[PDB]
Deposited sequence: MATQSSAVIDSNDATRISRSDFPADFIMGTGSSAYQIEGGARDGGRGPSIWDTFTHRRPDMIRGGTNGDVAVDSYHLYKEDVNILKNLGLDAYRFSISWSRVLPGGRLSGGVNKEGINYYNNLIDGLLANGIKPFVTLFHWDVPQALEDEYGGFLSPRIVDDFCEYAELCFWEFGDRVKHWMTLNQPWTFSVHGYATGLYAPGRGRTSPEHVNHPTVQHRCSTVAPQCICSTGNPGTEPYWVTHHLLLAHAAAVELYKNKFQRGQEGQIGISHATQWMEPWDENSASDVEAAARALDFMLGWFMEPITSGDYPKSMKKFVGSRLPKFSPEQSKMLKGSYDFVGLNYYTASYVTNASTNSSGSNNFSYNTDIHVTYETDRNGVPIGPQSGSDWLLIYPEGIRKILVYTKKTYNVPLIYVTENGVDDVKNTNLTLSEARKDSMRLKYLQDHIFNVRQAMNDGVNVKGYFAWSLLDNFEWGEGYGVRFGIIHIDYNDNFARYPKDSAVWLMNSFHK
């Protein structure tokens, strides 16, 4: 029974936590010496692409209110906090020659020491989509292999400044989403793919450079820092459970494995065997870049742990100029005979399917033999409703059930043999949700946008504190 799940159902070294990313919570977008990221430019030049026309200039002001966030985290009682560094805050011009911003280094040091003073372990992600505009404008950012060397200079600065206290690093978070919505759909920054963009080629280049940036930073960590600092490094991937529309149709079973291949396998195979998956080579063909053997040798095994982010699931079937989307040759279905795979959250794409996380975890251990996994993101958004007062708004029983069910399933997956070392809910605070602006709330902590981003715990935060304190 999922309602009685609690810390005592887990081993002693199991880590519970919560998460954010820099651009979604910080604001201070032009404070403290920070330069612009591609998100700054996208939300300012193209406000029509954002619900409400809003941006993250102020967001929820964790740049100034970080002492409050630390205080909330202390009261919450969980082991860990996962956040990311804004690249253009510490390197406003992206590369070392653009100046090193000491004030942005001071921010991250104050945040890290306040977390440590309170017994909270920092898990830090280097990159969460906020490419410095200078690097975008100079040579097209992740479209160019120049990005690998710049990204390494940046990773080295972080290890040097923070590596004495941060022992858990992630190079990238959800690079899938960056690649696809940035370059295939054009819904996210830099907003291309519908030169002006090409959804047939650009996503594949971007992903290819993301993986090389990741591998070069891991080798840098491993050869130059790991012995003096004794930390660990990994990466976090987007996942969505892919279920055969018809359990029996072997054509359907194959469409599902291919959907997995194009989402997860696209990233996971290169760091496992040095190459892209077979299905992708077959359906993408000559548009899919190749690794030199030095690159392959660098990629293979380039991690100490992997993190997975899981929200939802879907049914897959077979499909009947070029585009990443059409290359998959699958169609997505939500119902089996008028019965949805699960109920909607406040977002129509997000269907609640807890068994999804147990399956995605077992699949990953099986298909890739990952020794050590964390669930680095999992969570759900409130029904949109500006008519509720805070007493009502904070009663977030859907989220509370969602968390219980998934955490339960995570337990199950460990009984199935998956070695899962921790779980981070997503996210700590209501914050800026990219295309969806401020309208979609994912936080265990409520934010009052009418009154200086005043923070208040929802029921789920109370529950997490009570069942998982330590």
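Missing from the model, relative to the deposited sequence, are the stretches 1-12, 207-230, 357-363.
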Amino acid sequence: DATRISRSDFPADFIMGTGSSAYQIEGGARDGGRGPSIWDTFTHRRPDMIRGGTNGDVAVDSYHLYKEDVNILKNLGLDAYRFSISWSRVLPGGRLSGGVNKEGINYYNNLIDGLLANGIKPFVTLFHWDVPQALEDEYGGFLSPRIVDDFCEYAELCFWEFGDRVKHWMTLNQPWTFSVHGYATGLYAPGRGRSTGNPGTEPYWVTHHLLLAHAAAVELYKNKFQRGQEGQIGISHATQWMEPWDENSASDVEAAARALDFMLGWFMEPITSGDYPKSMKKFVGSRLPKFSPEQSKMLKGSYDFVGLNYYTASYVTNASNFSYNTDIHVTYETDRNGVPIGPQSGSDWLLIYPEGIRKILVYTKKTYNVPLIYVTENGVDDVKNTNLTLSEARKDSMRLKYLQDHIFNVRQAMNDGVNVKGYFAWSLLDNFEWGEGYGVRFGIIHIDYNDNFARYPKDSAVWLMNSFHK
From here on, numbers count along this sequence of modelled residues.
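The deposited model assigns a higher average Cα B-factor to 1-9 than to the other stretch when 459-467 and 1-9 are compared. Higher mean CA temperature factor, per the PDB entry, when comparing 255-263 with 73-81: 255-263. Highest C-alpha temperature factor among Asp164, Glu153, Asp113, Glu294, as the PDB entry reports it: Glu294.
Residue set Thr207, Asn109, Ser195, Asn101: peak C-alpha B-factor at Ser195 (per PDB entry).
Placement of the Cα temperature factor of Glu243 within the chain: highest third of the modelled residues, per the deposited record. For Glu136, the recorded CA temperature factor ranks within the lowest third of the chain's modelled residues. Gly422 sits in the middle third of its chain by CA B factor, as recorded in the PDB entry. Sort the modelled residues of the chain by CA B factor and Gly33 lands in the lowest third. In the deposited entry, the Cα temperature factor of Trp87 sits in the bottom third of values across the chain's modelled residues.
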